[PDB]
Amino acid sequence: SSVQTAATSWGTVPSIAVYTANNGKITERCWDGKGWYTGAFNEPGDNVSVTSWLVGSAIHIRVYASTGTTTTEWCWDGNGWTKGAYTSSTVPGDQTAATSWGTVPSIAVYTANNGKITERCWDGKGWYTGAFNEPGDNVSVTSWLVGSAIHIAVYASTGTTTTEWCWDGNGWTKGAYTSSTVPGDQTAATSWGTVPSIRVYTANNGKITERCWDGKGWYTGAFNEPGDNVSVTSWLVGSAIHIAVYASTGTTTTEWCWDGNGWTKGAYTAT
Ligand SMILES: CCN(CC)c1ccc2c(c1)Oc1cc(N(CC)CC)ccc1C2c1ccccc1C(=O)OCCOCCOCCn1cc(CO[C@@H]2O[C@@H](C)[C@@H](O)[C@@H](O)[C@@H]2O)nn1
Ligand SMILES: CCN(CC)c1ccc2c(c1)Oc1cc(N(CC)CC)ccc1C2c1ccccc1C(=O)OCCOCCOCCn1cc(CO[C@@H]2O[C@@H](C)[C@@H](O)[C@@H](O)[C@@H]2O)nn1
């Protein structure tokens, strides 16, 4: 009954794209530092995830749009939306999460399908099946590079608990994350730097709460606002983190912004 959103951002301005799944359609709102506008993306789906990477100043976006029978990959490479090579069978209610790293890029896409999360990987030549296989109905992911080594954190929410699964190049292990919440989580994650710093937002029965990692234990963050559905993106300006959280209750999406000095309501509108 609430819309479902996905967001990505790039550069220091920043540029942002926010995708909203509402009543079977995914549409796009865009920011390049000078007002929100409606982007061209318009495709069927009940669930959306997104990742993006830069090649110099040129943005590349990958949108994973799930209907009741298929996930389709939609590619923006500066010159129109084109269907990509990624495909997966689904059933109604399936959820995805996507990350990418480098400029090749590498991509990992996680799908929660009938209570199981599985992983598909792009290495620059083809898609292959990843080792990840854990229970979950909802999923979010974030990733960070330490030199050339990718680190991945996946937040797997079953009916009862949210577990963090960590890839460090050698195998998947359970992470320190605890939700500080009861059963029924939907999550969104972002990360920055190489420690890393992680922020995980949980929507649970209409409330969003924040859990925080800066390298030395998980703690409850200042962010606390209503929402049935959450997404997030973040960007660095030198050493300073900026965060944009997209909180939705029904068809109303409110942006909340961290710029170093508390949460403020952002200029985002759905229009
Ligand atoms: C050799 C195998 N095939 C036939 C299956 C092939 C050949 C060339 C292209 C191919 C496919 O696909 C594309 C697709 C696009 N898109 C995105 C859908 C926008 C129109 C753009 C160009 C091509 C080109 C192309 C022709 C001439 C000059 C350049 C490029 C170019 O993409 O640049 C380098 C990367 O493509 C090289 C081909 O390598 C083998 C398979 N493959 C697919 C892609 C691009 O794949 C997309 O982006 C990936 C990151 C993933 O998200 C994929 O799922 C997605 O399909 N890169 N390699
Ligand atoms: C809620 C009431 N409490 C007691 C529980 C409280 C009060 C003050 C601080 C509190 C907590 O915590 C911090 C934490 C930091 N850290 C993390 C341990 C730095 C990495 C730093 C300062 C406080 C300060 C602090 C002291 C003096 C003056 C004001 C502030 C300040 O209000 O904090 C928020 C308002 O902004 C002040 C300047 O903030 C720039 C950097 N930064 C990071 C954070 C930590 O907040 C977490 O990370 C953010 C990125 C967001 O995700 C937050 O929602 C999240 O809580 N707070 N300040």
Side-chain angles (χ1 to χ4, degrees), residues 8-9 40-41 43 48-56 58-66 70-88 96-111 119-130 142-144 177 180 187-193 195-202 207-225 227 230-247 255-266:
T8 198
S9 69
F41 189 81
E43 295 300 334
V48 58
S49 67
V50 63
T51 195
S52 67
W53 64 96
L54 288 170
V55 180
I59 192 63
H60 294 271
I61 315 170
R62 294 297 176 274
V63 174
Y64 298 90
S66 302
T70 283
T71 307
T72 301
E73 174 188 53
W74 296 99
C75 306
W76 178 267
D77 296 293
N79 210 40
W81 292 99
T82 68
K83 183 176 305 196
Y86 180 93
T87 186
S88 176
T96 74
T99 192
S100 55
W101 57 94
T103 62
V104 169
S106 286
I107 311 170
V109 180
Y110 298 81
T111 303
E119 177 189 35
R120 296 275 281 160
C121 305
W122 174 264
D123 67 354
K125 319 227 147 268
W127 284 97
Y128 69 86
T129 307
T142 196
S143 73
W144 64 92
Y177 181 78
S180 201
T187 72
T190 195
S191 60
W192 61 96
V195 170
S197 282
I198 314 175
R199 301 294 179 272
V200 183
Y201 304 84
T202 298
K207 301 167 294 202
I208 304 162
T209 55
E210 177 193 45
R211 298 282 287 175
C212 309
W213 176 267
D214 298 316
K216 273 84 32 190
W218 287 90
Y219 64 93
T220 295
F223 188 73
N224 175 38
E225 298 298 342
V230 64
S231 60
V232 62
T233 193
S234 70
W235 59 98
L236 282 173
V237 178
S239 190
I241 195 61
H242 299 263
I243 312 177
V245 176
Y246 302 95
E255 181 193 38
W256 298 92
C257 295
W258 176 276
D259 303 296
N261 298 285
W263 295 90
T264 68
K265 187 170 307 211

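Whatever order the structure lists them in is the order used to number ligands and atoms, beginning at 1. No hydrogens, no waters, no symmetry mates; every other heavy atom, side chains included, goes into these values. By convention here, the first residue in the shown sequence is residue 1.
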### Query
Is there a ring pair (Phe, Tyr, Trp, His ring centres under 6.0 Å) between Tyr86 and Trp122 once you walk through the steps?
CA-CA 9 Å; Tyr86 180 93; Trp122 174 264; 9.9 Å; no
### Task
To the nearest 0.5 angstrom, please state how far the SG atom of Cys257 sits from the NZ atom of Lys265.
11.0 Å
### Query
Going by the atom numbers of ligand 1, which of them fall below 4.0 Å from some non-hydrogen atom of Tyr86?
54 (O)
Present, as a list of atom pairs with distances to 0.1 Å, all nitrogen or oxygen contacts under 3.5 Å between ligand 2 and the protein.
residue  : atom   : partner : partner atom : Å
ligand 2 : 36 (O) : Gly260  : O            : 3.4
ligand 2 : 39 (O) : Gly260  : O            : 2.8
ligand 2 : 48 (O) : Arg199  : NE           : 3.3
ligand 2 : 48 (O) : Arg199  : NH2          : 2.9
ligand 2 : 52 (O) : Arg199  : NE           : 2.9
ligand 2 : 52 (O) : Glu210  : OE2          : 2.6
ligand 2 : 54 (O) : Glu210  : OE1          : 2.6
ligand 2 : 54 (O) : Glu210  : OE2          : 3.4
ligand 2 : 54 (O) : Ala222  : N            : 3.3
ligand 2 : 54 (O) : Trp263  : NE1          : 2.8
ligand 2 : 56 (O) : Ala222  : N            : 2.9

### Task
Find all atoms of ligand 1 within a distance of less than 4.0 Å from any non-hydrogen atom belonging to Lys83, and give their numbers and elements.
18 (C)
#### Entry: Enumerated ligand 1 atoms positioned under 4.0 Å from heavy atoms of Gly84
56 (O)
### Message
Checking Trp192 now: which residues fulfil ring-ring contact (aromatic ring centres under 6.0 Å, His included) with it, not counting sequence neighbours?
### Response
none
### Task
Please work out whether any backbone atom (N, CA, C, O) or any side-chain heavy atom from C-beta onward of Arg62 is under 4.0 Å from ligand 1, and answer side chain, backbone, both or neither.
side chain
### Summary
Under 4.0 Å from one or more heavy atoms of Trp127, ligand 1 contributes atoms 53 (C), 54 (O)
### Query
Out of curiosity, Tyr64 OH to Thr51 OG1, how far, rounded to the nearest 0.5 Å?
7.5 Å
### Message
Checking side-chain polar atoms at under 3.5 Å, does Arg211 have a donor or acceptor matched by the opposite partner on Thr220?
### Response
yes
### Message
I want to know if ligand 1 touches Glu73 in the polar sense, i.e. an N/O pair below 3.5 angstrom.
### Response
yes
### Message
Please list, in number order, the atoms of ligand 1 under 4.0 Å from a heavy atom of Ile107.
### Response
52 (O)
### Query
Do we see a donor-acceptor contact under 3.5 Å between the side chains of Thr71 and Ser88?
no
### Summary
Value for CD (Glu210) from CH2 (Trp258), rounded to nearest 0.5 Å, stands at 8.0 Å
### Query
Going through the distances and angles, do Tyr201 and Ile243 end up as a side-chain contact (heavy atoms from CB on, under 4.5 Å)?
CA-CA 12 Å; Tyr201 304 84; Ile243 312 177; 3.7 Å; yes
### Task
For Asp259, check salt bridge (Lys or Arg N to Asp or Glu O under 4.0 Å) against everything at least two apart and list the hits.
none
### Qualifying residues under side chain to side chain contact (heavy atoms under 4.5 Å, CB included), relative to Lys125, sequence neighbours excluded
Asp123
### Query
Which part of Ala85 is near ligand 1, with near meaning a heavy atom under 4.0 Å away: side chain, backbone, both or neither?
both
